[PDB]
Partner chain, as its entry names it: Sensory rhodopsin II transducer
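Let's start with one chain on its own, the form deposited without its partner chain, as structure tokens.
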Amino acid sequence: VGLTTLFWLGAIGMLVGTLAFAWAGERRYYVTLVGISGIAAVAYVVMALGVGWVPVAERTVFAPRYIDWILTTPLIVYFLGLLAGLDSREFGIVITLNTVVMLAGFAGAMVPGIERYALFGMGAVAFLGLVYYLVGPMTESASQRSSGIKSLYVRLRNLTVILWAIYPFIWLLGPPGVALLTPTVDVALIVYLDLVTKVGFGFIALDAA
């Protein structure tokens, strides 16, 4: 099982999700889910073709992964913000916090020296602030909606919080960090997480609709 095989698997999974969401497509929600998995599909194909594998010191960094995350994770937060009924100002805070996490990870991965752990730490701090907004203010806000919408928000929120919290550990234990986990295992774990936090996320929304 090679890296390219794992990338192709993620590509196929994202593509199936993309077509499923487009078919089922309230247009805003369905269009967002197409963007979430559609962008990831492209990133995985590019990586499957061997494009964007950047050598850094003694590790290999996958640049398309971080461009993907920077564009798709704010769309996931946007989806959750619509469910919770955020005003346009609360959106700005959480999307700003999200972008800090994603940019810090991208920069830390691309830096060869130990300064990269300083960048990782900053993303960790901003992530804790993002979790606070999901579990607190956004949950208060979602409470004002129908019982079914509130229930859907809580289920997507917990899926999001629990799984997103695993990524920094995979990053740190993998090549970008202490380089303990091997690239193949590290990639396999992230392909699984990407698929669940995007396509699984999406199908839980379809089921409730």
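Numbering follows the first chain given and starts at 1.
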Mind giving me a quick count class for deposited residues absent from the model between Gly25 and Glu26? Options are none, 1 to 3, 4 to 9, 10 or more. 4 to 9
Entry-level comparison of average CA B-factors, 15 to 23 and 196 to 204, reporting the higher stretch: 15 to 23
State which stretch shows the higher mean Cα B factor in the entry: 81 to 89 or 126 to 134. 81 to 89
Which of these has the highest Cα B-factor in the record: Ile36, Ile162, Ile170, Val51? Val51
Among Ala179, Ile70, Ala63, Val42, which carries the highest Cα B-factor? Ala179
Sorting by Cα B-factor within the chain, modelled residues only, which third would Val46 end up in: lowest, middle or highest? lowest
How does the C-alpha B factor of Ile114 compare with the rest of the chain: lowest, middle or highest third? highest
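What comes next is about the form deposited with its partner chain bound, which does not appear here.
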Note which of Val31, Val42, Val154, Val54 lies within 4.5 Å of its partner chain in the deposited complex, where distance is taken over heavy atoms; exactly one does. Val154
For the spot marked by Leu181, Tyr192 and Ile204, is every residue within 4.5 Å of its partner chain in the deposited complex through some heavy atom? yes
Within 4.5 Å, heavy atoms only, one stretch in 160 to 168, 31 to 39, 138 to 146, 61 to 69 touches its partner chain in the deposited complex. Which? 160 to 168
So, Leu15 and its partner chain: in the deposited complex, are they within 4.5 Å at any heavy atom pair? no
According to a 4.5 angstroms non-hydrogen atom cut-off, is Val196 in contact with its partner chain in the deposited complex? yes
Answer for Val1 alone: is it within 4.5 Å of its partner chain in the deposited complex, judged on heavy atom distances? yes
I'd like to know whether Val185 contacts its partner chain in the deposited complex, with contact meaning heavy atoms within 4.5 angstroms. yes
